Amino acid sequence: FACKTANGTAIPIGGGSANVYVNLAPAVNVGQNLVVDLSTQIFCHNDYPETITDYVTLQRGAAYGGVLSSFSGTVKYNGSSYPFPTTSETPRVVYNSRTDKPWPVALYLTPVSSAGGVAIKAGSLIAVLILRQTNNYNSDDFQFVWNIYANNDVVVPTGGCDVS
Amino acid sequence: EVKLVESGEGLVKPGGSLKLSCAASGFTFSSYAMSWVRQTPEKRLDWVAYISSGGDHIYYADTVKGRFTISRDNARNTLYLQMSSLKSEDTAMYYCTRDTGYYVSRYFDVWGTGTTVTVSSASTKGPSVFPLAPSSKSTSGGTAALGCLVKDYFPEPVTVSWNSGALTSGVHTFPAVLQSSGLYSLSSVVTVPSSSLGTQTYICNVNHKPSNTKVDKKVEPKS
Amino acid sequence: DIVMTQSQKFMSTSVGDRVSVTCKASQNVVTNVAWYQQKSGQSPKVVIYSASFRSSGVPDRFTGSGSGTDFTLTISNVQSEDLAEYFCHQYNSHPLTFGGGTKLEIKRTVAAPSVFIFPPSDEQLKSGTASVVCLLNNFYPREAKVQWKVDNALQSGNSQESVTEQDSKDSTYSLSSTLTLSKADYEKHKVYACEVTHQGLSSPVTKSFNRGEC
């Protein structure tokens, strides 16, 4: 069960924690989406599909930085939707391909601020996902930890739109 | 104002190396990353290299990785693209731009002057310039055109100015390109009434700095 | 990679019109596509970053949109100097790759080419070469067909054409054609025809000089 980040980072078979650098829009108004769409940055695949067929879940989520200052949103995984970090465990998706396969995850965002300036701390850690992997042949239980790194400081629109 | 000064051009035989030098002006360098992008002349742009504002994060595209290294000094305020292991033409218009790299999102906001990179087999060579001997018969009292062909030079910077700059009637610009493997050629055009075809003549000046050729070719009608 | 495919041609637009420029992604680029304006052999300028917000120094006649796989740039009103190459770019998946660029063309009246021929090459005849120069100046439109004949025989590879960009005063194009012949080969035939097929010419009309006349 190998994997690779679109930036060239790769976690070998067995587990580990890796860093991904994702880009974000320079300006988000009142709740557009501020999505990450990690389905173009992480690609895991299976080793021996003849007998070993992998099953990939999102074990847990966590948020850090300016998201935990004033933000909210949802998370997508294979035609579903959950709130900010999943308090429950989402179901499994079968990885059974000896080929590249985008991981269908995202992170929707929306500002709960009323009057603020800078947001999403640049170069900081936006979120952490924990790819849990099981199989149909062994009790293999590891954690591909992925750490979302902010690439830019997202600026909330300035003051205005007020009445007496 | 912000400017990105550029220097360090030169023709390179395959298997060589050049150090492209780029400096900045008008801001605080330590807070902005830089990138190198090649604009192939009026052709396909290609992103060459990225370097962080500090110098710890360094990535290259598949076409340049394994052949390029980059560096920068925050205090010295001068980039350095040290590139080697030349292959596959690579003939582009290399250009240092301030991309708002990691800790900001990629923009390639401001660009400077840029430098040219050529990878061929021959060496530096000087042009030969030949004017366009105009015919007074074809004018019929109307208008006639001529110019100054500048053949066989390498590499390819041009100027276009004619005699003493006192020829506002006529030449402004003409960027011709090349031939297969002989050498390069361009020209320009003056198109004026036939009084000059009656009794007048000019000269044309053309420069080429790497060969250091400054030609003032004078025109005489051919009888 | 993620090919940021875009129309491999220019888009016709007269002054006072609206310009729409396409740009297509094969793979899912999330968002944040950049748009630059590059003139004839000059520095591209940041115009529309992230395909939705304007840059400083860029007029309000600029904007654009797009998401998913399809992006578009738009000019509300086309002034005289705005017309140039226009570049789309993605930076949400390494390796970050640019688009093909889009050329802005004015639509104006047909101007048939002023066509001329000159064999004025005797100074370099000691070197053993003659460079006949055919010259078409300030024509409309850009595309032109140049054919060369050596004693009524069609030629290929011994001659070439070179054109310029669009101006800003008259907005025309100029073309030159070079026929390079070795002196032994140059001084064996007489008619060296420069035929031109064009939209401005109802029928092609060729012009040649003969070896021994001025």
# chains A, B, ... in the order shown; residues from 1 in each chain; ligands from 1

$ interface_residues --of "chain C" --to "chain B" --cutoff "9 Å" --atoms "only C-alpha atoms" --output "compact mmCIF listing (two decimals) with C-alpha atoms, in the first residue's frame"
# COMPACT_ATOMS: atom_id res chain seq x y z
CA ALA C 34 -3.86 33.57 -13.26
CA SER C 40 5.10 41.98 -28.52
CA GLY C 41 8.29 40.59 -26.99
CA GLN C 42 7.82 42.27 -23.60
CA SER C 43 7.26 41.40 -19.96
CA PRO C 44 3.93 39.79 -19.00
CA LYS C 45 2.03 41.81 -16.41
CA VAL C 46 -0.12 40.44 -13.59
CA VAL C 47 -3.68 41.25 -14.58
CA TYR C 49 -4.95 36.68 -10.36
CA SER C 50 -7.07 33.68 -9.30
CA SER C 55 -4.51 43.50 -9.95
CA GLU C 85 -0.97 38.01 -26.34
CA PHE C 87 -1.79 34.16 -20.99
CA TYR C 91 -0.63 26.80 -10.06
CA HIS C 94 2.93 20.69 -9.38
CA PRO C 95 4.37 20.99 -11.97
CA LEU C 96 2.64 24.32 -12.49
CA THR C 97 2.21 24.96 -16.21
CA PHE C 98 1.04 27.93 -18.26
CA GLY C 99 -1.54 28.13 -21.02
CA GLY C 100 -0.88 28.58 -24.71
CA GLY C 101 -1.67 32.29 -24.67
CA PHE C 116 7.73 44.49 -54.74
CA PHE C 118 14.47 43.23 -55.78
CA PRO C 119 17.53 41.25 -56.92
CA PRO C 120 19.96 43.95 -55.70
CA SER C 121 22.73 41.55 -54.70
CA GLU C 123 28.29 43.19 -53.71
CA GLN C 124 28.33 39.70 -52.19
CA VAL C 133 14.22 39.93 -51.59
CA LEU C 135 8.67 42.61 -50.12
CA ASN C 137 4.25 46.06 -47.05
CA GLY C 157 13.12 25.06 -49.10
CA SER C 159 13.07 30.59 -49.83
CA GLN C 160 11.17 31.76 -46.78
CA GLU C 161 8.81 34.40 -45.41
CA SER C 162 8.87 36.57 -42.29
CA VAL C 163 6.07 38.79 -40.96
CA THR C 164 5.73 41.38 -38.21
CA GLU C 165 3.20 41.91 -35.42
CA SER C 174 4.53 43.63 -43.28
CA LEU C 175 6.11 40.56 -44.88
CA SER C 176 9.46 39.83 -46.48
CA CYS C 214 18.07 46.85 -64.22

$ interface_residues --of "chain A" --to "chain B" --cutoff "12 Å" --atoms "only C-alpha atoms" --output "PyMOL selection string"
chain A and resi 7-9+21-27+120-125+149-155

$ closest_residue --among "C:2, C:29, C:15, C:134" --to "residue C:76" --atoms "only C-alpha atoms"
C:15

$ atom_distance --atom1 "atom CA of residue C:117" --atom2 "atom CA of residue C:207"
6.7 Å

$ residues_around --residues "stretch 198-206 of chain C" --least-positions-apart "6" --cutoff "8 Å" --atoms "only C-alpha atoms" --output "list in words"
residues 110, 111, 112, 113, 140, 141, 143, 144 and 145 of chain C

$ closest_residue --among "A:106, A:111, A:67, A:73" --to "chain C" --atoms "only C-alpha atoms"
A:106

$ closest_residue --among "A:57, A:39, A:19, A:139" --to "chain C" --atoms "only C-alpha atoms"
A:39

$ atom_distance --atom1 "atom CA of residue A:90" --atom2 "atom CA of residue A:1"
20.0 Å

$ select_by_dssp --residues "chain C" --states "strand (DSSP E or B)" --output "number ranges by chain"
C: 4-5, 11-12, 19-25, 33-38, 45-49, 53-54, 62-67, 70-75, 85-90, 98, 102-105, 111, 114-118, 129-140, 145-150, 154, 159-163, 173-182, 192-197, 207

$ residues_around --residues "residue B:17" --least-positions-apart "6" --cutoff "10 Å" --atoms "only C-alpha atoms" --output "list in words"
residues 10, 11, 67, 68, 82, 83, 84, 85 and 86 of chain B

$ residues_around --residues "stretch 77-86 of chain A" --least-positions-apart "5" --cutoff "10 Å" --atoms "only C-alpha atoms" --output "count of residues only"
23

$ atom_distance --atom1 "atom CA of residue A:136" --atom2 "atom CA of residue A:95"
11.4 Å

$ residues_around --residues "residue C:7" --least-positions-apart "4" --cutoff "12 Å" --atoms "only C-alpha atoms" --output "list in words"
residues 11, 20, 21, 22, 23, 24, 25, 72, 86, 87, 88, 99, 100, 101, 102 and 103 of chain C

$ residues_around --residues "residue C:78" --least-positions-apart "2" --cutoff "8 Å" --atoms "only C-alpha atoms" --output "PDB file with N, CA and C atoms, in the first residue's frame"
ATOM      1  N   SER C  14     -13.023  43.630 -33.285  1.00  0.00           N
ATOM      2  CA  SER C  14     -12.847  45.029 -33.629  1.00  0.00           C
ATOM      3  C   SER C  14     -12.902  45.883 -32.367  1.00  0.00           C
ATOM      4  N   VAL C  15     -12.534  47.157 -32.513  1.00  0.00           N
ATOM      5  CA  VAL C  15     -12.571  48.056 -31.370  1.00  0.00           C
ATOM      6  C   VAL C  15     -14.015  48.250 -30.914  1.00  0.00           C
ATOM      7  N   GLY C  16     -14.184  48.489 -29.614  1.00  0.00           N
ATOM      8  CA  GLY C  16     -15.498  48.657 -29.033  1.00  0.00           C
ATOM      9  C   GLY C  16     -16.248  47.377 -28.735  1.00  0.00           C
ATOM     10  N   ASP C  17     -15.634  46.213 -28.937  1.00  0.00           N
ATOM     11  CA  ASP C  17     -16.307  44.943 -28.731  1.00  0.00           C
ATOM     12  C   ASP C  17     -15.918  44.335 -27.385  1.00  0.00           C
ATOM     13  N   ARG C  18     -16.426  43.134 -27.125  1.00  0.00           N
ATOM     14  CA  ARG C  18     -16.119  42.382 -25.914  1.00  0.00           C
ATOM     15  C   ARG C  18     -15.240  41.193 -26.275  1.00  0.00           C
ATOM     16  N   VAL C  19     -14.173  40.988 -25.510  1.00  0.00           N
ATOM     17  CA  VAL C  19     -13.230  39.904 -25.760  1.00  0.00           C
ATOM     18  C   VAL C  19     -13.475  38.808 -24.738  1.00  0.00           C
ATOM     19  N   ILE C  75     -12.596  41.078 -21.674  1.00  0.00           N
ATOM     20  CA  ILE C  75     -12.401  42.509 -21.859  1.00  0.00           C
ATOM     21  C   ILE C  75     -13.757  43.116 -22.175  1.00  0.00           C
ATOM     22  N   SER C  76     -14.189  44.072 -21.350  1.00  0.00           N
ATOM     23  CA  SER C  76     -15.460  44.745 -21.598  1.00  0.00           C
ATOM     24  C   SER C  76     -15.395  45.601 -22.859  1.00  0.00           C
ATOM     25  N   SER C  80      -7.328  50.737 -28.266  1.00  0.00           N
ATOM     26  CA  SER C  80      -6.358  50.498 -29.331  1.00  0.00           C
ATOM     27  C   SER C  80      -5.136  49.738 -28.829  1.00  0.00           C
ATOM     28  N   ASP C  82      -4.730  47.769 -26.116  1.00  0.00           N
ATOM     29  CA  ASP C  82      -4.893  46.581 -25.287  1.00  0.00           C
ATOM     30  C   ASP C  82      -4.536  45.296 -26.018  1.00  0.00           C
ATOM     31  N   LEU C  83      -4.432  45.325 -27.341  1.00  0.00           N
ATOM     32  CA  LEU C  83      -4.389  44.098 -28.124  1.00  0.00           C
ATOM     33  C   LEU C  83      -2.985  43.512 -28.137  1.00  0.00           C
TER      34      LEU C  83
END

$ closest_residue --among "A:156, A:148, A:6, A:52" --to "chain C" --atoms "only C-alpha atoms"
A:6

$ closest_residue --among "A:34, A:51, A:146, A:66" --to "chain C" --atoms "only C-alpha atoms"
A:34
